[PDB]
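Here is the structure we will look at.
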Amino acid sequence: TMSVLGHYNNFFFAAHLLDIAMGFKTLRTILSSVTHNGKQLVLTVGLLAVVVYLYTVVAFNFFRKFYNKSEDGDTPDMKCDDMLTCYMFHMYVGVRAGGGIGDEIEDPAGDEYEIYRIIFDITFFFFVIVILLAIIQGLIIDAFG
Amino acid sequence: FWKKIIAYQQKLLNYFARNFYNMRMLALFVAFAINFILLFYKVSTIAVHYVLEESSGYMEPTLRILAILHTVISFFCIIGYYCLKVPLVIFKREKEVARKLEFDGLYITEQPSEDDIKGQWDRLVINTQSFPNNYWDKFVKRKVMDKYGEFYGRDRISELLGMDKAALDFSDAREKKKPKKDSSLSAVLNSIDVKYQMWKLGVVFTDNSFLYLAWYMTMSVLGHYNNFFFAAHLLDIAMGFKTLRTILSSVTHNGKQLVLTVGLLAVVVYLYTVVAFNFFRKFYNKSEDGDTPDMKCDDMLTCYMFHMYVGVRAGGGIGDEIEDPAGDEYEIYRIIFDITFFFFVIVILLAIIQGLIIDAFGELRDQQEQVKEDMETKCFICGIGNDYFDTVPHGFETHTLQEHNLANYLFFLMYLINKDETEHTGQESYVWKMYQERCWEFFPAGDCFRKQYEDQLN
Amino acid sequence: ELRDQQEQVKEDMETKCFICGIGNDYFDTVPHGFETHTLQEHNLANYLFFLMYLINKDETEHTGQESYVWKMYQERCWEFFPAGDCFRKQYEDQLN
Amino acid sequence: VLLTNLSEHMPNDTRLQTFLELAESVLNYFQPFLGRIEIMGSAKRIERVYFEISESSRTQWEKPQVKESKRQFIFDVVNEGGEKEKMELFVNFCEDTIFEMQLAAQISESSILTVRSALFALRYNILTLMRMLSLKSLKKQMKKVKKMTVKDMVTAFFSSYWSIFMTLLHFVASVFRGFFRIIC
Ligand SMILES: Nc1ncnc2c1ncn2[C@@H]1O[C@H](COP(=O)(O)OP(=O)(O)OP(=O)(O)O)[C@@H](O)[C@H]1O
Ligand SMILES: Nc1ncnc2c1ncn2[C@@H]1O[C@H](COP(=O)(O)OP(=O)(O)OP(=O)(O)O)[C@@H](O)[C@H]1O
Ligand SMILES: [Zn+2]
Ligand SMILES: [Zn+2]
């Protein structure tokens, strides 16, 4: 079916490159590391989403003022005025960020919640960026072993 | 009247105990539904007004109904715990106290350490007339009386164990006959043992799972005042799903090692902050404007917080976030500073955390493999290897499923406990006496029927 | 590697005696035989205590066995340590 | 020592067993102090040797640091060890341990309040929950149960556990306040 659709759109022929896994059994053993603990990986991603949702709840209830993402003073682009927007901001930006959500949100200096927000950022970095990605690392390596 | 009130109370108890787990999963499902509704929750505008924003408009009654239902289910889960798991905890505690009284003399020969809250609290249950309420052995007081009465003193042993020997002697001797009417409400009220209920309530309150369920109910109640308090119930997924048990075990297997690694990271970063504060203060200007410099290392506390917060999270270390060292008398020293910080903190220590988690995974897998290998290669009871039995085809499995089945041994203990002592046969009486004296010599260790009768059988 | 080394140490100490080196199964033919052997018959703590007792004892007061062990210890001859043999293995038929 | 030697070299003697029961108390007393090893004797035979272990030696051997030294030595000999030098390394370890135990012997010279506060909180909070039965305030419940209602039954059943949960809340609050007072 994909080969037939390729005549209508030639870029439908790119799905046939997914056949290399079955064609070469050498890729079988590399992909088995991922698929050996695929359920564990999916559960780890779900746990990451739950933890990030809890962090987003905390930020939405206490640290809304720091999520202005627009540099111009005329129009503020608030990324945590809505729960859905704040959760998407967290999952999309903070997780991909090397240092966590604190790398991408405003600076906390000179505020009454400075220590609380420092704890927030450090715990986010430790649990999400370090520990959970470490769980994925360990799952793949343990599958190999 | 009372025979039906108590019957219906028992029916409700049984229903809640049966459905404890179903109500336990229902509470997680309702929590997930509430937290899914909470994703459509908006700030509306000098007081800020949190408003549930949706097109349908029906999610607000849905949210209130779900909150009330979650609170009801949490209360019902507490009731189900009290009906189902509390009896097991009380049985275990009563068994442990009885064994420490009989075979250790925990309140006759030597006294508790005053640092054991369990030991100090268990002092109350001894005097109660409702002791072994859950534990089957109702003769533990008599056993302790026989064991320590002649040496430590009959009267004080009886006072400690709460036994009225003089009343027992009078009852055994000639006595008047007195009826007992359970219908009297005063009799119903005075029948209950207050002190034993006190001890049981203390044990239940000190139980960890009951405390966790009380915390669950408290957070559910607080959720009505603030709907975002319902997010703490998503922490229950770890206990709800045992699939998350094995993922989280990698973290918790070496949790002490992880905490110590974080402490070591703080010490190393503190040493680096000391060095920077003593030699590299000029490079910690963080304000781009020349008018006002924002010095991040003029104070020791500020410099330490700057390091721990910014440099550790930075991909390349503190050098990624501090000024450039080019054209300075300490250029080489600061380059060494930054490179060593990157290597020790960013690379090595995070590598230690990586290795701890991966080694926890490997260790758990090895433990499971060891359990499987032991159970497949040697019998649980006798301990003889599989090959000796496998000399006969399917001999190991025949031995471990017919001759030395641990399930069969458990069923024998149940049968012997539930059987009347007078009806015991010779073998049953022998095993019963050894079990009462906690002598496990009757368990075949290193020998079996096939090994004893090797030549006769074959 | 460190975890494997610890596991190997535990496995060796649980499966073979430190002194004689005989496996656990041979002693375990008798119930609790391995533990009886390694805590009463071939206890390394008992061997250390014997060395202390023999050193602190006067050489003139040594018995025959003590003098034999003392001479071998002074010449650093460890043949008196039972290797591959024990009381139960030597007197296997007489004891049982 | 004589009786132990006789019993262990004639394991199937009923008369010797009777003597052992007659001498149980002395043997029990001297059991900690009685040493027992096996050696290859001069007669090409495994011989069992009995000696005396002193109380000081036993205590210094059971000192925790000596146990750490033992564990380290066992780890070393098992991992980086060859069977040739096992008995030489063991003798070296024994000599060092003997010297350090003698040194320790010669240098030798001849939460509670938190638990109490928690127990007090338990006692008081449970007494408050039980004062309703103690006071004989059951006349009110009896008046509600003049006439049966299944709704009344359900309400009382839920109210009992609700009161238990409230008492647990009070207990937790009391523990927190007591801990704060202690740390203050
Ligand atoms: N005393 C014993 N009783 C039962 N099984 C034993 C015993 N000793 C060894 N085994 C071995 O244990 C295995 C049986 O495992 P077990 O009964 O614990 O559960 P399982 O096979 O994992 O599955 P399930 O949970 O369905 O019972 C068999 O390989 C059996 O040979
Ligand atoms: N010659 C021996 N002496 C003592 N134990 C031995 C010997 N050979 C093997 N073992 C085994 O070693 C284990 C005893 O270990 P060891 O005495 O080193 O300390 P442990 O059990 O780890 O604890 P602790 O430090 O409290 O003594 C037992 O399993 C025992 O069977
Ligand atoms: Zn068996
Ligand atoms: Zn040995």
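Identifiers for the structure tokens are assigned positionally: chains receive A, B, ... in sequence, residues are indexed from 1 per chain, and ligands are indexed from 1 in the order shown.
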Nearby residues (only C-alpha atoms) at most 9 Å from residue 65 (chain C), same-chain spacing under 5 positions excluded, as a list in words: residues 70 of chain C; 39, 41, 42, 47 and 49 of chain D
Same residues, C-alpha atoms, saved as a CSV table (one decimal), in the first residue's frame:
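Below you can see part.csv, which holds the result:
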chain,number,residue,atom,x,y,z
C,70,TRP,CA,54.9,-24.9,68.0
D,39,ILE,CA,45.3,-30.5,63.2
D,41,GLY,CA,49.1,-34.8,63.9
D,42,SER,CA,52.5,-36.5,63.9
D,47,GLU,CA,43.7,-34.9,65.6
D,49,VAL,CA,43.0,-30.3,70.0
Select residues of chain D: the criterion is any atom within 8 Å of an atom of chain B, counting only C-alpha atoms; output as a ChimeraX atom specification. /D:111-112,115,119,122-123,126-127,130,133,153,157,161,165,168
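Note that the spacing between CA of residue 22 (chain C) and CA of residue 44 (chain C) amounts to 14.6 Å.
With only C-alpha atoms as the basis for measurement, A:138 is the residue among A:138, A:73, A:108, A:94 that approaches chain B most closely.
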How many Å lie between atom 12 (O, counted along the ligand's line) of ligand 1 and CA of residue 457 (chain B), rounded to one decimal? 24.9 Å
Per residue of chain C within 10 Å of ligand 4, which atom pair is closest and at what distance in Å (one decimal), using only C-alpha atoms and all ligand atoms, listed by chain and increasing number, as JSON lines?
{"residue": "C:16", "atom": "CA", "partner": "ligand 4", "partner_atom_place_in_ligand_line": "1 (Zn)", "distance": 7.8}
{"residue": "C:17", "atom": "CA", "partner": "ligand 4", "partner_atom_place_in_ligand_line": "1 (Zn)", "distance": 4.6}
{"residue": "C:18", "atom": "CA", "partner": "ligand 4", "partner_atom_place_in_ligand_line": "1 (Zn)", "distance": 6.1}
{"residue": "C:19", "atom": "CA", "partner": "ligand 4", "partner_atom_place_in_ligand_line": "1 (Zn)", "distance": 4.7}
{"residue": "C:20", "atom": "CA", "partner": "ligand 4", "partner_atom_place_in_ligand_line": "1 (Zn)", "distance": 3.9}
{"residue": "C:21", "atom": "CA", "partner": "ligand 4", "partner_atom_place_in_ligand_line": "1 (Zn)", "distance": 6.0}
{"residue": "C:22", "atom": "CA", "partner": "ligand 4", "partner_atom_place_in_ligand_line": "1 (Zn)", "distance": 6.4}
{"residue": "C:23", "atom": "CA", "partner": "ligand 4", "partner_atom_place_in_ligand_line": "1 (Zn)", "distance": 8.8}
{"residue": "C:24", "atom": "CA", "partner": "ligand 4", "partner_atom_place_in_ligand_line": "1 (Zn)", "distance": 9.4}
{"residue": "C:27", "atom": "CA", "partner": "ligand 4", "partner_atom_place_in_ligand_line": "1 (Zn)", "distance": 9.4}
{"residue": "C:34", "atom": "CA", "partner": "ligand 4", "partner_atom_place_in_ligand_line": "1 (Zn)", "distance": 8.6}
{"residue": "C:35", "atom": "CA", "partner": "ligand 4", "partner_atom_place_in_ligand_line": "1 (Zn)", "distance": 9.9}
{"residue": "C:36", "atom": "CA", "partner": "ligand 4", "partner_atom_place_in_ligand_line": "1 (Zn)", "distance": 9.9}
{"residue": "C:37", "atom": "CA", "partner": "ligand 4", "partner_atom_place_in_ligand_line": "1 (Zn)", "distance": 6.2}
{"residue": "C:38", "atom": "CA", "partner": "ligand 4", "partner_atom_place_in_ligand_line": "1 (Zn)", "distance": 5.9}
{"residue": "C:39", "atom": "CA", "partner": "ligand 4", "partner_atom_place_in_ligand_line": "1 (Zn)", "distance": 9.2}
{"residue": "C:40", "atom": "CA", "partner": "ligand 4", "partner_atom_place_in_ligand_line": "1 (Zn)", "distance": 9.6}
{"residue": "C:41", "atom": "CA", "partner": "ligand 4", "partner_atom_place_in_ligand_line": "1 (Zn)", "distance": 7.0}
{"residue": "C:42", "atom": "CA", "partner": "ligand 4", "partner_atom_place_in_ligand_line": "1 (Zn)", "distance": 4.6}
{"residue": "C:43", "atom": "CA", "partner": "ligand 4", "partner_atom_place_in_ligand_line": "1 (Zn)", "distance": 7.6}
{"residue": "C:44", "atom": "CA", "partner": "ligand 4", "partner_atom_place_in_ligand_line": "1 (Zn)", "distance": 9.1}
{"residue": "C:81", "atom": "CA", "partner": "ligand 4", "partner_atom_place_in_ligand_line": "1 (Zn)", "distance": 9.6}
{"residue": "C:82", "atom": "CA", "partner": "ligand 4", "partner_atom_place_in_ligand_line": "1 (Zn)", "distance": 7.4}
{"residue": "C:83", "atom": "CA", "partner": "ligand 4", "partner_atom_place_in_ligand_line": "1 (Zn)", "distance": 8.0}
{"residue": "C:84", "atom": "CA", "partner": "ligand 4", "partner_atom_place_in_ligand_line": "1 (Zn)", "distance": 8.1}
{"residue": "C:85", "atom": "CA", "partner": "ligand 4", "partner_atom_place_in_ligand_line": "1 (Zn)", "distance": 7.9}
{"residue": "C:86", "atom": "CA", "partner": "ligand 4", "partner_atom_place_in_ligand_line": "1 (Zn)", "distance": 6.7}
{"residue": "C:87", "atom": "CA", "partner": "ligand 4", "partner_atom_place_in_ligand_line": "1 (Zn)", "distance": 9.5}
Let's have the selection written as a PDB file, in the first residue's frame, with N, CA and C atoms.
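Writing done, so here's again-v6.pdb:
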ATOM      1  N   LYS C  16      32.234 -23.282  50.947  1.00  0.00           N
ATOM      2  CA  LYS C  16      33.365 -24.122  51.315  1.00  0.00           C
ATOM      3  C   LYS C  16      34.002 -23.604  52.595  1.00  0.00           C
ATOM      4  N   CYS C  17      34.563 -24.531  53.369  1.00  0.00           N
ATOM      5  CA  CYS C  17      35.208 -24.171  54.624  1.00  0.00           C
ATOM      6  C   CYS C  17      36.510 -23.429  54.359  1.00  0.00           C
ATOM      7  N   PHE C  18      36.808 -22.459  55.224  1.00  0.00           N
ATOM      8  CA  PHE C  18      37.999 -21.637  55.036  1.00  0.00           C
ATOM      9  C   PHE C  18      39.274 -22.450  55.225  1.00  0.00           C
ATOM     10  N   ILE C  19      39.272 -23.385  56.174  1.00  0.00           N
ATOM     11  CA  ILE C  19      40.500 -24.095  56.522  1.00  0.00           C
ATOM     12  C   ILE C  19      40.696 -25.317  55.634  1.00  0.00           C
ATOM     13  N   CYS C  20      39.778 -26.284  55.714  1.00  0.00           N
ATOM     14  CA  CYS C  20      39.971 -27.534  54.985  1.00  0.00           C
ATOM     15  C   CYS C  20      39.657 -27.375  53.503  1.00  0.00           C
ATOM     16  N   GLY C  21      38.703 -26.514  53.166  1.00  0.00           N
ATOM     17  CA  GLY C  21      38.317 -26.315  51.786  1.00  0.00           C
ATOM     18  C   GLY C  21      37.309 -27.303  51.248  1.00  0.00           C
ATOM     19  N   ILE C  22      36.760 -28.171  52.089  1.00  0.00           N
ATOM     20  CA  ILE C  22      35.764 -29.140  51.653  1.00  0.00           C
ATOM     21  C   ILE C  22      34.429 -28.436  51.453  1.00  0.00           C
ATOM     22  N   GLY C  23      33.665 -28.902  50.462  1.00  0.00           N
ATOM     23  CA  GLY C  23      32.402 -28.280  50.131  1.00  0.00           C
ATOM     24  C   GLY C  23      31.364 -28.422  51.227  1.00  0.00           C
ATOM     25  N   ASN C  24      30.305 -27.620  51.103  1.00  0.00           N
ATOM     26  CA  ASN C  24      29.292 -27.573  52.151  1.00  0.00           C
ATOM     27  C   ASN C  24      28.399 -28.805  52.124  1.00  0.00           C
ATOM     28  N   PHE C  27      29.365 -31.943  54.398  1.00  0.00           N
ATOM     29  CA  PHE C  27      29.003 -31.759  55.796  1.00  0.00           C
ATOM     30  C   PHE C  27      27.490 -31.706  55.968  1.00  0.00           C
ATOM     31  N   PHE C  34      27.518 -28.465  57.904  1.00  0.00           N
ATOM     32  CA  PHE C  34      28.466 -27.446  57.464  1.00  0.00           C
ATOM     33  C   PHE C  34      28.692 -26.387  58.530  1.00  0.00           C
ATOM     34  N   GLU C  35      27.615 -25.904  59.136  1.00  0.00           N
ATOM     35  CA  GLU C  35      27.734 -24.850  60.133  1.00  0.00           C
ATOM     36  C   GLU C  35      28.361 -25.379  61.413  1.00  0.00           C
ATOM     37  N   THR C  36      28.016 -26.610  61.801  1.00  0.00           N
ATOM     38  CA  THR C  36      28.678 -27.224  62.945  1.00  0.00           C
ATOM     39  C   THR C  36      30.179 -27.345  62.705  1.00  0.00           C
ATOM     40  N   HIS C  37      30.567 -27.782  61.507  1.00  0.00           N
ATOM     41  CA  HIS C  37      31.975 -27.919  61.151  1.00  0.00           C
ATOM     42  C   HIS C  37      32.696 -26.576  61.153  1.00  0.00           C
ATOM     43  N   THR C  38      32.078 -25.546  60.572  1.00  0.00           N
ATOM     44  CA  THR C  38      32.752 -24.262  60.421  1.00  0.00           C
ATOM     45  C   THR C  38      32.665 -23.386  61.661  1.00  0.00           C
ATOM     46  N   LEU C  39      31.856 -23.753  62.655  1.00  0.00           N
ATOM     47  CA  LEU C  39      31.783 -22.977  63.881  1.00  0.00           C
ATOM     48  C   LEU C  39      32.312 -23.717  65.101  1.00  0.00           C
ATOM     49  N   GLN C  40      32.525 -25.029  65.016  1.00  0.00           N
ATOM     50  CA  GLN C  40      33.042 -25.785  66.149  1.00  0.00           C
ATOM     51  C   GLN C  40      34.356 -26.475  65.805  1.00  0.00           C
ATOM     52  N   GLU C  41      34.413 -27.121  64.639  1.00  0.00           N
ATOM     53  CA  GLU C  41      35.556 -27.968  64.317  1.00  0.00           C
ATOM     54  C   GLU C  41      36.666 -27.178  63.634  1.00  0.00           C
ATOM     55  N   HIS C  42      36.315 -26.349  62.652  1.00  0.00           N
ATOM     56  CA  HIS C  42      37.323 -25.633  61.879  1.00  0.00           C
ATOM     57  C   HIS C  42      37.091 -24.129  61.909  1.00  0.00           C
ATOM     58  N   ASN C  43      36.855 -23.576  63.095  1.00  0.00           N
ATOM     59  CA  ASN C  43      36.637 -22.143  63.227  1.00  0.00           C
ATOM     60  C   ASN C  43      37.968 -21.402  63.156  1.00  0.00           C
ATOM     61  N   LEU C  44      38.061 -20.444  62.228  1.00  0.00           N
ATOM     62  CA  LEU C  44      39.279 -19.650  62.113  1.00  0.00           C
ATOM     63  C   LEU C  44      39.517 -18.817  63.365  1.00  0.00           C
ATOM     64  N   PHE C  81      47.834 -27.627  59.376  1.00  0.00           N
ATOM     65  CA  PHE C  81      46.505 -27.173  59.003  1.00  0.00           C
ATOM     66  C   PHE C  81      45.825 -28.246  58.160  1.00  0.00           C
ATOM     67  N   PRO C  82      44.647 -28.726  58.555  1.00  0.00           N
ATOM     68  CA  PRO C  82      43.980 -29.779  57.778  1.00  0.00           C
ATOM     69  C   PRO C  82      43.542 -29.259  56.419  1.00  0.00           C
ATOM     70  N   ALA C  83      44.097 -29.853  55.366  1.00  0.00           N
ATOM     71  CA  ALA C  83      43.791 -29.479  53.992  1.00  0.00           C
ATOM     72  C   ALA C  83      43.197 -30.682  53.278  1.00  0.00           C
ATOM     73  N   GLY C  84      41.905 -30.607  52.963  1.00  0.00           N
ATOM     74  CA  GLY C  84      41.213 -31.678  52.284  1.00  0.00           C
ATOM     75  C   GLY C  84      40.773 -32.824  53.166  1.00  0.00           C
ATOM     76  N   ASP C  85      41.018 -32.751  54.471  1.00  0.00           N
ATOM     77  CA  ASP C  85      40.648 -33.807  55.399  1.00  0.00           C
ATOM     78  C   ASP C  85      40.120 -33.194  56.687  1.00  0.00           C
ATOM     79  N   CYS C  86      39.345 -33.988  57.422  1.00  0.00           N
ATOM     80  CA  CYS C  86      38.791 -33.553  58.693  1.00  0.00           C
ATOM     81  C   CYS C  86      38.539 -34.773  59.566  1.00  0.00           C
ATOM     82  N   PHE C  87      38.124 -34.507  60.808  1.00  0.00           N
ATOM     83  CA  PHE C  87      37.821 -35.587  61.741  1.00  0.00           C
ATOM     84  C   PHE C  87      36.698 -36.471  61.216  1.00  0.00           C
TER      85      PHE C  87
END
At a cut-off of 10 Å, using only C-alpha atoms, what residues contact residue 139 (chain A)? Leave out same-chain residues fewer than 5 positions from it and give the result as a ChimeraX atom specification. /A:33-34,36-38,40-41,44,133-134,144-145 /B:247,250,357-358,361-362
Suppose we keep N, CA and C atoms; can you now write the selection as a compact mmCIF listing (two decimals), in the first residue's frame?
# COMPACT_ATOMS: atom_id res chain seq x y z
N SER A 33 17.50 -4.03 22.69
CA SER A 33 17.77 -3.30 23.93
C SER A 33 16.65 -2.32 24.24
N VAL A 34 16.13 -1.64 23.22
CA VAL A 34 15.00 -0.75 23.41
C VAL A 34 13.73 -1.55 23.70
N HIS A 36 13.36 -4.69 24.75
CA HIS A 36 13.37 -5.64 25.86
C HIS A 36 12.60 -5.08 27.05
N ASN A 37 12.80 -3.80 27.34
CA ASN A 37 12.12 -3.11 28.43
C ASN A 37 11.26 -1.96 27.90
N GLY A 38 10.54 -2.21 26.81
CA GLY A 38 9.69 -1.17 26.25
C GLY A 38 8.57 -0.75 27.19
N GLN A 40 8.74 -0.88 30.46
CA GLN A 40 9.39 -0.09 31.50
C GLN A 40 9.69 1.32 31.01
N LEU A 41 10.13 1.45 29.75
CA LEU A 41 10.38 2.78 29.19
C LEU A 41 9.10 3.60 29.11
N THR A 44 8.23 4.72 32.51
CA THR A 44 9.13 5.78 32.93
C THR A 44 8.72 7.12 32.32
N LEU A 133 16.13 10.37 33.24
CA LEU A 133 16.95 10.01 32.09
C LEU A 133 17.97 8.95 32.45
N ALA A 134 18.47 8.97 33.69
CA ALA A 134 19.29 7.88 34.18
C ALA A 134 18.54 6.57 34.23
N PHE A 144 20.70 -4.72 27.39
CA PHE A 144 21.89 -5.27 26.76
C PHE A 144 22.49 -6.39 27.60
N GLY A 145 22.71 -6.12 28.89
CA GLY A 145 23.33 -7.11 29.76
C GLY A 145 22.49 -8.37 29.90
N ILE B 247 10.61 -0.04 38.66
CA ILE B 247 11.35 1.10 38.14
C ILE B 247 11.87 1.97 39.29
N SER B 250 15.10 0.87 41.45
CA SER B 250 16.44 1.24 41.02
C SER B 250 16.91 2.50 41.73
N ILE B 357 22.29 3.93 39.70
CA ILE B 357 20.99 3.47 39.20
C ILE B 357 21.14 2.21 38.36
N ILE B 358 22.12 2.19 37.45
CA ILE B 358 22.30 1.02 36.59
C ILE B 358 22.70 -0.21 37.40
N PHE B 361 19.65 -1.65 39.03
CA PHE B 361 18.94 -2.49 38.07
C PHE B 361 19.59 -3.87 37.97
N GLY B 362 20.91 -3.89 37.76
CA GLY B 362 21.60 -5.16 37.59
C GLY B 362 21.52 -6.04 38.83
Neighbours of chain A in chain B at 10 Å, counting only C-alpha atoms, as a PyMOL selection string: chain B and resi 35-36+38-44+50-53+228-229+231-232+234-235+237-238+243-244+246-248+250-251+262+305+308-315+350-351+353-362+365
Report the residues of chain C whose backbone DSSP state falls under alpha helix (DSSP H), written as a PyMOL selection string. chain C and resi 2-15+24-28+33-36+44-56+64-74+87-90+92-95
Find the residues of chain B that sit at most 7 Å from ligand 1; for each, write down the nearest two atoms and how far apart they are in Å, to one decimal. Count only C-alpha atoms and all ligand atoms. Sort by chain, then by number going up, and give it as CSV.
residue,atom,partner,partner_atom_place_in_ligand_line,distance
B:375,CA,ligand 1,9 (C),4.7
B:376,CA,ligand 1,29 (O),4.6
B:378,CA,ligand 1,9 (C),5.9
B:379,CA,ligand 1,8 (N),3.5
B:380,CA,ligand 1,8 (N),3.9
B:381,CA,ligand 1,1 (N),5.1
B:396,CA,ligand 1,31 (O),6.4
B:397,CA,ligand 1,31 (O),4.9
B:400,CA,ligand 1,7 (C),4.5
B:401,CA,ligand 1,4 (C),5.5
B:404,CA,ligand 1,1 (N),4.9
B:405,CA,ligand 1,3 (N),3.8
B:406,CA,ligand 1,3 (N),4.4
B:407,CA,ligand 1,3 (N),6.5
